[PDB]
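Below, chain A is the first sequence line, B the second, and so on; all start at residue 1.
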Amino acid sequence: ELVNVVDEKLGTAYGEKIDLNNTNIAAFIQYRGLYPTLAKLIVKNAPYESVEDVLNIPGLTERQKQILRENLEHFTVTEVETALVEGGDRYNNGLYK
Amino acid sequence: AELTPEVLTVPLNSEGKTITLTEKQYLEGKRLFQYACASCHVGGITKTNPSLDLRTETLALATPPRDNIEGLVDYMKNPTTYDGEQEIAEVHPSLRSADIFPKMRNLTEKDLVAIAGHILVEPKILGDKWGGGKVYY
Amino acid sequence: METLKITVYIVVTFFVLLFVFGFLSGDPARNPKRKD
Amino acid sequence: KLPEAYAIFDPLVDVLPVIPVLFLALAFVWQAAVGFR
Amino acid sequence: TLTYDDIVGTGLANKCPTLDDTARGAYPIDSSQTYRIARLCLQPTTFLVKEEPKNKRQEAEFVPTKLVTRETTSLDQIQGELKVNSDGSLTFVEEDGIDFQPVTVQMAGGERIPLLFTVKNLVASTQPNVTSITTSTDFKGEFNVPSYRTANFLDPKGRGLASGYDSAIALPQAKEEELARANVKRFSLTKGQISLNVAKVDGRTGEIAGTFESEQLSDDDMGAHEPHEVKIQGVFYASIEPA
Amino acid sequence: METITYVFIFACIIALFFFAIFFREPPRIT
Amino acid sequence: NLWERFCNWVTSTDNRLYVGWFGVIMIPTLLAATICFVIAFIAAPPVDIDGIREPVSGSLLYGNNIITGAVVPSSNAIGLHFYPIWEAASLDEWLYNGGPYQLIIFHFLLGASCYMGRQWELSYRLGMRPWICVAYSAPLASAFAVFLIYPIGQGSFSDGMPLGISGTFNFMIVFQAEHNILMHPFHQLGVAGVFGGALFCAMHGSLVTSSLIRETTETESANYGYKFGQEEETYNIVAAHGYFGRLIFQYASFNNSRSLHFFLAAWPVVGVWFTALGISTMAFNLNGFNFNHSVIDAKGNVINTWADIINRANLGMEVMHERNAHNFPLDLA
Amino acid sequence: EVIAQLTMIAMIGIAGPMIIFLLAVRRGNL
Amino acid sequence: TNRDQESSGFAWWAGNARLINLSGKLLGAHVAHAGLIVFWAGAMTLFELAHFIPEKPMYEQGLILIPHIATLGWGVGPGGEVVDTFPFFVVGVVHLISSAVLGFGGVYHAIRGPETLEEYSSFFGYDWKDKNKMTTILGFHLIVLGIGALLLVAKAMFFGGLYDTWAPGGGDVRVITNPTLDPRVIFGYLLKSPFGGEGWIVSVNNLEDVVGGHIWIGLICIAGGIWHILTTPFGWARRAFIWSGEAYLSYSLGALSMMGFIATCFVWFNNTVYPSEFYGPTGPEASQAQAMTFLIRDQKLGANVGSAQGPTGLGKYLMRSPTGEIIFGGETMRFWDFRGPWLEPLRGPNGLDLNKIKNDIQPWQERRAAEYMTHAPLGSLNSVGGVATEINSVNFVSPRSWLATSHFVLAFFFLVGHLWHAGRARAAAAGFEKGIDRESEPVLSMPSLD
Ligand code: CLA
Ligand code: CLA
Ligand code: CLA
Ligand code: CLA
Ligand code: CLA
Ligand SMILES: CCCCCCCCCCCCCCCC(=O)OC[C@H](CO[C@@H]1O[C@H](CS(=O)(=O)O)[C@@H](O)[C@H](O)[C@H]1O)OC(=O)CCCCCCCCCCCCCCC
Ligand SMILES: CC1=C(/C=C/C(C)=C/C=C/C(C)=C/C=C/C=C(C)/C=C/C=C(C)/C=C/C2=C(C)CCCC2(C)C)C(C)(C)CCC1
Ligand SMILES: CC1=C(/C=C/C(C)=C/C=C/C(C)=C/C=C/C=C(C)/C=C/C=C(C)/C=C/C2=C(C)CCCC2(C)C)C(C)(C)CCC1
Ligand SMILES: CCCCCCCCCCCCO[C@@H]1O[C@H](CO)[C@@H](O[C@H]2O[C@H](CO)[C@@H](O)[C@H](O)[C@H]2O)[C@H](O)[C@H]1O
Ligand code: OEX
Ligand SMILES: [Ca+2]
Ligand SMILES: [Cl-]
Ligand SMILES: [Cl-]
Ligand SMILES: [Fe+2]
């Protein structure tokens with residue numbers, strides 16, 4: 001019954017897409033027009049029940065909504081894992097260049 | 001292997017036009033890069049923000065695209081964030097902020113073109129070593 | 001801790017004073033050839 | 001840079017700081033001339 | 001007021017601001033206006049660890065411990081929203097601040113107990129029908145105790161949760177089951193209970209102070225052993241500001 | 001038993017230091 | 001006079017071990033450091049050297065042996081702060097934060113400096129020439145470099161050398177990772193000093209043993225051919241000089257014994273002086289030669305050298321050392 | 001260019017030994 | 001002449017020891033050597049100016065003398081920006097000309113002037129064992145040093161001031177009008193511990209204390225000079241010291257070694273009289289700057305820096321010092337005693353204030369933090385910037401590193417020289433510096449130790 005939760009999360013869609021509830025913010029660099037404004041809003045307003053709920057962040061302009069709709073296919077939502085979101089690891093997980 | 005004009009051919013604008021730098025242009029671009037940018041951009045990475053680098057793909061995914069000479073010169077004139085929403089000339093060297101960043105004071109248009117050409121040519125020479133950090137040292 | 005502090009200060013002061021006044025007590029004269 | 005009227009003396013300035021080291025070397029040269037007596 | 005040059009090196013920076021004995025008033029709580037706890041300081045004064053009895057039937061009473069991590073224990077600059085419920089009970093919801101301190105205490109015999117003294121995500125409610133903060137107002141609440149090490153921590157053999165090996169590579173041909181508890185690192189999130197007892201109110205400034213007792217769990221070494229139950233007692237200072 | 005062995009060897013070394021200093025062969029002029 | 005009698009006893013050349021005033025300082029500090037070292041090496045609890053609440057066990061009772069045991073340096077949270085016993089609330093806090101290391105190293109440095117002074121003092125009392133203490137200043141400078149000067153430059157006594165064998169190896173490897181000491185010319189001079197010291201030690205011993213004058217038989221040891229305090233020379237320096245001058249060439253051989261022994265004194269002492277200065281100058285982060293990506297071909301491709309392989313090894317040590325202590329990309333100290 | 005610096009340093013580094021040589025030639029107090 | 005081993009007893013490699021009892025030639029040696037020192041000062045200043053790029057920071061250009069002139073308030077403006085390079089030129093040129101004069105005097109007294117000054121004059125001729133004359137010369141030189149300290153005071157108070165890195169609004173050239181003449185404040189620096197958080201006289205952090213201490217030092221040196229001109233050494237002083245030229249040299253060598261170590265620590269730690277605008281950041285400054293920089297970056301990204309937990313359980317950005325102060329987290333917890341003008345506006349009574357950190361970090365502080373992070377005093381011997389594992393792109397080694405390393409080497413070698421000359425002076429005064437007399441060997445007259 002002892003399982004590494006990070007490996008199991010790598011077995012889910014967290015290992016293929018950007019998890020809005022769990023992924024570190026720097027991964028939002030790998031898609032156009034997300035880092036840092038939209039990425040900060042997404043990480044701040046997490047968790048989300050579904051991916052489309054990211055279109056309900058209060059304060060988004062129409063351009064930001066269009067960018068989010070364009071990048072919606074790269075987004076997944078898994079359950080919040082404590083190990084990835086504790087200690088402020090969504091903003092700084094210790095992985096620099 | 002030599003520094004052929006095929007290596008020194010880099011996209012000039014976002015339309016698709018290119019430019020063939022001379023060897024002297026590349027050498028002066030490398031020297032000016034060491035003079036003004038290398039203290040934080042040594043090897044194609046960013047010391048004060050390692051999430052961003054100077055790889056051509058990362059510059060291409062920036063808004064506006066920075067994987068060409070004109071985009072890089074525009075960044076050296078009016079630097080922005082990665083999404084382009086916010087101007088960061090007060091914390092990044094530029095022609096606007098030459099008063100607070102005095103190493104940008106005597107940088108001409110040709111100097112900015114040379115630095116941009118060095119930035120766009122170094123990945124073509126070095127591989128993933130450019131912007132890859134200590135893993136590829 | 002306070003008693004230990006004063007105790008150590010007293011011991012160190014005693015040994016340092018021994019050193020200083022010993023080297024002031026005609027140390028160059030304590031040689032086997034030219035005591036002067 | 002130096003003031004412009006001194007510009008042609010720029011190479012000489014470029015070799016001025018190493019003059020003291022030569023002085024040390026000069027001592028040995030002198031001691032070689034007298035045969036290290 | 002003292003500046004940094006007067007405070008530094010004295011241990012006063014680890015101590016909550018105290019109130020005078022001539023503060024027994026009542027800060028009026030007006031339900032219409034929003035209230036904010038602008039500062040919430042927690043200075044622990046004693047740590048007790050529940051001794052583990054070899055016999056299960058035993059009483060298992062709390063034993064005092066000796067602090068070995070020096071003046072690094074206080075939580076301070078904690079802010080939050082002090083909302084007024086329909087019951088009339090006040091409720092503090094903690095937004096941010098320095099809400100955690102790693103604390104190691106030494107038991108008799110040399111056993112070191114590390115814990116994350118914390119009030120992370122504290123929700124603390126008062127008694128019903130409170131119209132003013134008095135010396136009888138009492139906050140009782142719950143908070144989250146995250147794992148003492150986070151996911152990037154590596155053990156002496158290089159094993160961790162989000163980084164590192166998953167096996168004892170210095171024993172390449174050892175049976176893995178008996179090492180399982182040391183090979184798989186687990187991130188523990190637990191619950192803690194805190195009781196703040198207001199003993200001094202300055203109504204004009206809005207400043208309350210008193211004692212607190214909290215109960216939580218110690219470090220489990222990323223799931224390598226059982227945590228201890230820790231009771232932390234100390235004093236607290238808080239500033240209530242209208243909006 | 002390993003700690004006792006290390007401390008025992010160390011103590012024998014210090015005892016040997018004592019005997020080699022204070023109970024040495026006295027050097028004699030010849 | 002009591003003070004005069006005490007001065008006569010302290011400076012007496014008839015004591016079995018000479019005391020002197022440098023000794024009246026040396027003996028208590030060295031005794032304190034030795035007793036604290038033995039007690040800590042046997043029975044000290046684990047010490048949080050990195051300041052990150054991950055204590056390192058260094059004593060024999062807590063699972064170490066002779067090789068792996070150490071007196072662990074004081075906490076990085078302490079830094080360069082002075083941490084005596086009376087600054088701790090309790091002895092348990094003092095032992096947790098690495099106070100024994102500070103006590104031992106401060107007493108040892110004071111005692112070893114006074115050991116140098118005591119060497120001068122006894123040389124003066126015996127009518128000798130005084131420069132044995134100058135020779136001892138090289139290992140003393142080395143001890144000061146690794147115990148005091150490197151912590152001062154790095155800003156924490158946690159970066160000082162641990163008082164143990166494996167801790168010393170850890171100090172060496174981390175030092176190579178952060179400073180490239182092998183590529184530093186002062187350390188190369190030190191290696192030349194110690195290699196040459198061993199070489200010239202074996203050379204001088206073998207040449208003197210080779211030229212020993214026959215005063216015994218094959219039954220007895222040759223060492224019985226020498227008597228303590230004899231005026232005559234026990235070996236033939238002319239024969240040894242002839243041998244060594246035929247071995248290399250004549251003018252490479254010392255015929256002056258005083259010049260030869262000055263050379264024997266001077267070579268390792270100067271080499272160790274330079275390596276102690278190397279440790280101090282790398283304590284102020286003036287590191288060894290950096291030749292990474294120095295060789296570049298016509299196109300601009302990096303042509304690796306042996307320095308780049310050294311750089312790969314240094315990168316491995318750098319990314320693995322103090323694996324939990326860094327939060328930021330640059331290991332600035 | 002660099003030739004100017006080399007000429008200057010050559011003249012200074014010969015000016016030293018020229019003093020020594022002139023003193024030896026005329027049998028000075030050298 | 002005493003210019004050979006047979007006449008003097010010293011070989012060529014100890015040939016300057018032939019100058020001990022030759023006052024005129026020894027004076028020539030000293031004056032020529034002083035000319036060498038002034039020559040290096042002037043020529044190095046002109047060399048540094050000739051390659052000086054005034055728009056680039058001084059610490060990036062391998063300069064150690066121009067920062068000294070800039071610290072005196074010459075040629076610089078607000079923020080350390082160079083406004084005029086002519087004062088640097090004047091200092092260099094005047095030193096070069098004065099060095100020519102001193103070299104003329106040294107050469108004259110060394111090879112042409114009288115070999116001994118005792119016949120020509122009784123004022124200038126000296127005997128090493130004449131204690132009164134030695135104290136008289138010491139008094140003259142003490143008066144000269146006191147006048148130099150008062151010259152620094154005069155520059156600070158009446159001739160434009162000094163560069164104050166702690167000046168309000170930013171570092172600027174400021175005239176010190178109110179020097180700290182309080183002996184409790186001034187001599188409280190001498191009683192301060194040399195260890196962490198106290199730092200002894202290296203911890204002086206304001207120019208008022210610097211000017212007041214120099215007023216005290218100048219007055220004390222002048223008073224002691226008059227004292228030694230008017231008095232003779234007392235009996236305890238006469239019995240406690242060796243009175244010979246090599247002994248006085250050894251005393252000065254020990255003093256210079258101590259001063260070299262003090263200067264090493266001063267240039268490594270102090271950023272007041274060695275402003276980071278000119279000399280670059282200190283090691284503590286650079287580590288604190290890195291922590292500050294990434295705090296700013298992650299706070300802009302949305303991190304709650306007060307509650308972020310690092311891998312070990314300590315605060316990733318903010319933690320507590322052993323006495324409770326709110327400090328930067330990570331390894332830079334060792335550098336929590338650092339004080340700098342760019343960091344002080346965020347420090348409250350309990351350390352770094354979370355509210356000011358969230359709301360008051362200005363862009364000039366961010367620029368300063370990034371600049372000091374990327375110009376840490378770390379570099380290779382062949383001037384490659386960064387850690388030992390960095391690649392060859394940045395040509396940078398901090399002036400603080402150069403000065404600290406060079407003066408530690410010099411201070412250690414001068415401690416060695418002090419030991420050498422102190423032992424030799426003792427042996428020569430006692431009469432066995434040339435070896436053991438065979439007929440009167442002391443150990444043969446001693447009882448055995450068994
Ligand atoms: C700072 C360095 C320094 C200085 C100032 C001196 C100075 C001196 N040394 Mg000396 N020495 C030095 C380094 C130095 N030495 C070193 C490194 C060694 C080891 C090799 C020696 C070995 C040595 C020996 C063995 C002896 C001396 C002696 C002397 C003294 C007499 C010199 C003499 O008659 O020479 C005469 C030599 C000449 C006339 C040749 C020309 C030299 C001139 C001065 C060169 C000037 C060059 C300069 C560019 C001129 C500028 C002029 C301009 C300013 C107008 C003199 C005071 C002698 C002594 O003790 O006297 C009793 C002696 O016997 N020295
Ligand atoms: C102000 C400082 C000072 C002064 C005035 C003296 C004065 C003296 N020393 Mg002394 N010494 C000093 C500092 C000083 N020392 C220091 C710091 C040390 C420790 C290294 C020594 C170690 C020392 C020894 C071991 C001896 C003396 C001796 C002497 C006497 C004769 C010196 C002579 O002729 O040199 C002649 C000069 C040389 C032979 C040149 C030496 C070259 C040096 C070692 C290399 C310099 C390298 C350079 C800095 C960088 C490289 C340059 C490049 C060209 C490669 C003389 C009274 C001798 C003595 O006791 O006489 C009574 C003696 O045997 N000294
Ligand atoms: C306090 C002394 C000191 C300090 C801190 C510096 C510092 C600096 N100098 Mg400088 N310099 C000095 C003295 C000093 N210098 C002297 C005396 C001269 C006259 C020769 C010069 C001439 C000079 C020039 C011409 C240049 C510099 C440059 C530089 C910069 C880079 C140096 C470099 O690359 O190192 C190179 C490192 C070395 C050469 C290593 C030297 C190691 C020595 C040999 C060790 C000696 C040990 C010991 C003393 C010997 C004793 C032996 C024992 C047995 C007794 C740096 C800021 C350069 C620069 O950037 O200028 C703008 C430059 O071009 N300097
Ligand atoms: C420490 C330095 C020093 C010392 C102690 C001496 C000492 C001496 N010199 Mg000498 N000299 C020196 C430097 C020094 N000189 C220099 C630098 C030069 C080159 C210009 C000379 C050139 C020189 C010559 C040509 C002659 C002497 C002579 C003499 C002797 C008698 C001088 C006399 O009666 O003065 C009386 C007093 C005065 C004339 C007043 C001088 C006032 C000065 C200019 C004030 C300067 C201000 C301040 C104190 C100096 C600061 C300088 C500093 C910043 C570097 C005497 C032994 C004579 C000698 O030996 O005859 C046998 C002789 O003929 N000297
Ligand atoms: C370059 C500076 C200098 C030098 C070389 C001398 C040299 C001398 N002075 Mg002197 N003096 C000076 C400046 C100087 N003075 C100044 C500026 C003043 C005015 C304040 C005086 C006032 C003065 C008086 C009033 C007396 C002397 C005396 C003496 C003689 C004996 C020195 C002695 O035994 O002290 C060695 C030091 C001691 C014996 C003190 C005890 C040593 C302690 C334990 C050391 C503690 C310091 C330690 C290293 C830590 C450092 C930091 C600490 C300061 C906090 C000697 C010739 C004496 C004499 O014979 O008068 C004619 C005497 O009575 N001096
Ligand atoms: C938890 C901590 C507990 C620690 C407790 C330690 C208490 C110490 C007190 C012990 C009683 C004294 C016994 C001395 C034995 C002795 O040395 O006899 C030898 C003689 C005896 O004194 C000689 O004695 C003679 C009289 S007689 O021989 O005894 O009759 C007398 O004539 C002569 O002047 C005199 O020199 O000693 C001497 O020669 C002079 C003193 C030199 C000895 C100092 C010891 C050095 C300490 C070590 C420092 C570095 C080493 C670090 C560790 C490796
Ligand atoms: C005794 C002796 C010795 C020594 C000597 C000496 C040490 C000397 C010194 C000397 C010196 C110390 C010198 C100096 C000189 C200088 C000069 C002569 C200068 C001049 C100058 C000029 C000419 C200037 C110019 C200019 C200007 C004006 C500006 C611009 C730049 C220029 C540079 C151009 C010896 C060791 C050898 C040994 C033997 C003996
Ligand atoms: C605050 C200030 C300052 C000031 C300072 C001062 C005021 C100083 C002084 C100081 C001093 C005032 C010092 C002194 C010192 C001393 C010493 C260093 C001593 C020595 C001694 C000796 C050496 C002795 C010895 C001996 C012995 C031990 C015994 C017997 C014998 C004999 C005698 C040998 C300044 C400017 C920086 C500026 C900033 C601030
Ligand atoms: C304005 C004036 C200020 C003056 C301040 C002076 C400060 C320093 C004073 C140092 C005094 C030391 O005094 C010193 O003490 C010893 C102890 O009695 C004296 O006595 C000593 O004499 C001889 C040799 O001298 C020794 O063998 C003997 O054992 C001892 O009694 C010394 O002869 C004396 O020099
Ligand atoms: O503590 Mn011992 O080693 Ca000198 O670097 Mn930073 O700190 Mn830590 O890391 Mn790498
Ligand atoms: Ca109450
Ligand atoms: Cl390690
Ligand atoms: Cl860190
Ligand atoms: Fe021998």
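Nearest approach of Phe117(E) to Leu42(E), heavy atoms of both residues: CZ-CD2, 4.1 Å. Counting all heavy atoms, side chain and backbone alike, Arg186(E) lies closest to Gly223(E) at NH2-O, 2.8 Å. The nearest pair of heavy atoms linking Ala88(G) to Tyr83(G) is CB-OH, 3.5 Å. Nearest approach of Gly310(I) to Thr150(E), heavy atoms of both residues: O-CG2, 3.2 Å.
A donor-acceptor contact closer than 3.5 angstrom links the side chains of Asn197(E) and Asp138(E). Side chains of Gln288(I) and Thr332(I): a donor-acceptor N/O pair is present below 3.5 angstrom, by distance only. A donor-acceptor contact closer than 3.5 angstrom links the side chains of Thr91(E) and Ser125(E). Remark: the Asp99(E) side chain and the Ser307(I) side chain contain no N/O donor-acceptor pair separated by less than 3.5 Å. A donor-acceptor contact closer than 3.5 angstrom is absent between the side chains of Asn324(G) and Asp50(G). For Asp19(A) and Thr78(A), the side-chain atoms include at least one donor-acceptor pair closer than 3.5 Å.
Inter-residue side-chain proximity for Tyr148(E) and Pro102(E) is flagged as met; some heavy-atom pair is nearer than 4.5 Å. Side-chain contact check for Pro146(E) versus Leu189(E): some heavy-atom pair is nearer than 4.5 Å. You'll find the side chain of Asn24(A) stays beyond 4.5 Å of the side chain of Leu95(A), heavy atoms only. At a threshold of 4.5 Å between non-hydrogen side-chain atoms, the residues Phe187(E) and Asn4(A) do not count as touching. You'll find the side chain of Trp342(I) reaches within 4.5 Å of the side chain of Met292(I), heavy atoms only. Side-chain contact check for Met222(E) versus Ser147(E): some heavy-atom pair is nearer than 4.5 Å. Between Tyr48(A) and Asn21(A) the shortest side-chain heavy-atom distance falls below 4.5 Å. Two residues are said to be in side-chain contact when any heavy atoms from C-beta on lie closer than 4.5 Å; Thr65(E) and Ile113(E) fail this criterion.
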Problem set entry | Verdict with reasoning, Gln216(E) to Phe143(E), per side-chain contact (heavy atoms from CB on, under 4.5 Å) | CA-CA 9 Å; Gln216(E) 64 170 87; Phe143(E) 55 90; 4.1 Å; yes
For this session: For side-chain contact (heavy atoms from CB on, under 4.5 Å), just list the numbers for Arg90(A) and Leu84(A), CA-CA rounded to whole Å, side-chain angles, deciding distance to a tenth of an Å, and then say yes or no.
Result: CA-CA 7 Å; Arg90(A) 292 211 72 186; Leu84(A) 301 175; over 6 Å; no
Problem set entry | side-chain contact (heavy atoms from CB on, under 4.5 Å) between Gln309(I) and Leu116(E), worked out | CA-CA 10 Å; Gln309(I) 191 180 181; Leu116(E) 193 61; 3.4 Å; yes
For this session: Starting from the C-alpha separation in whole Å, work towards a yes-or-no answer on side chain to side chain donor-acceptor pair (under 3.5 Å) for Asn14(E) and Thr73(E).
Result: CA-CA 7 Å; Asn14(E) 204 43; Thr73(E) 61; 3.2 Å; yes
For this session: Decide side-chain contact (heavy atoms from CB on, under 4.5 Å) for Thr134(E) and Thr137(E); before the verdict, give the C-alpha distance in whole Å, the side-chain angles of both, and the deciding distance to 0.1 Å.
Result: CA-CA 5 Å; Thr134(E) 67; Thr137(E) 308; 3.5 Å; yes
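Salt-bridge annotation for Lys316(I) and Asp298(I): absent, with no side-chain N of the basic residue lying under 4.0 Å from a carboxylate O of the acidic one. The pair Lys300(I)-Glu366(I) meets the salt-bridge criterion, with a side-chain N (NZ, NE, NH1 or NH2) lying under 4.0 Å from an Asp/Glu carboxylate O. Using a cutoff of 4.0 Å between basic side-chain nitrogens and carboxylate oxygens, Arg339(I) and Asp5(E) are scored as salt-bridged. Between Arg70(E) and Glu87(G) there is no salt bridge, since no side-chain N of the basic residue sits under 4.0 Å from a carboxylate O of the acidic one. For the pair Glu93(G) and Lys66(E), the salt-bridge criterion is not met [side-chain N within less than 4.0 Å of a carboxylate O].
When atom types are taken as modelled, the side chain of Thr23(A) and the backbone of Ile18(A) share no donor-acceptor pair closer than 3.5 angstrom. A distance-only check finds a donor-acceptor pair linking the side chain of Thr45(E) to the backbone of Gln233(E) [under 3.5 Å]. Here the side chain of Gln299(I) pairs a donor or acceptor atom with the backbone of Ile357(I) at under 3.5 angstrom. Side-chain N or O atoms of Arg323(G) include one that pairs as donor or acceptor with a backbone N or O of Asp155(E) at under 3.5 Å. Between the side chain of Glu229(E) and the main chain of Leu217(E), no donor-acceptor pair closer than 3.5 Å is present. Using a distance-only test at 3.5 Å, with no hydrogens or angles considered, no donor-acceptor pair links the side chain of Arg112(E) to the main chain of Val68(E). With hydrogens and angles disregarded, a donor-acceptor distance shorter than 3.5 Å links the side chain of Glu94(E) to the backbone of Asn121(E). With hydrogens and angles disregarded, a donor-acceptor distance shorter than 3.5 Å links the side chain of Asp48(G) to the backbone of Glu54(G).
Note: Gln290(I) CD to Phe328(G) CZ = 6.5 Å, rounded to the nearest 0.5 Å. With rounding to the nearest 0.5 Å, the separation of OG1 in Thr3(E) from CD in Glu344(I) is 10.5 Å. Separating the CD atom in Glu86(A) from the CD atom in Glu81(A) is a distance of 10.5 Å, to the nearest 0.5 Å. Distance CG/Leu354(I) to CD1/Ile78(E): 10.0 Å, rounded to 0.5 Å. Once rounded to the nearest 0.5 Å, the distance linking OG1 of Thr69(E) with CG of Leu314(I) reads 9.5 Å. The CZ atom of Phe294(I) sits 6.5 Å away from the OG1 atom of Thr48(B) when rounded to the nearest 0.5 Å.
Ring-plane geometry between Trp336(I) and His81(G) is classed as parallel, the angle between the planes falling under 30 degrees on a 0 to 90 degree scale with a further cut at 60. Between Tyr27(E) and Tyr35(E), the ring planes lie perpendicular to each other; the angle is over 60°, past the 30° to 60° tilted range.
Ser321(I) pairs by the side-chain hydrogen bond (donor to acceptor under 3.5 Å, both in side chains) definition with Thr323(I), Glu325(I), not counting sequence neighbours. Here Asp76(E) pairs with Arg39(E), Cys41(E), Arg320(I), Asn350(I) under the side-chain contact (heavy atoms from CB on, under 4.5 Å) rule; sequence neighbours left out.
Counting heavy-atom neighbours within 6.0 Å of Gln33(E) CD, excluding the residue itself, gives a total above 12.
Annotation: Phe338(I) is not in aromatic contact with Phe328(I) [ring centroid separation under 6.0 Å not met].
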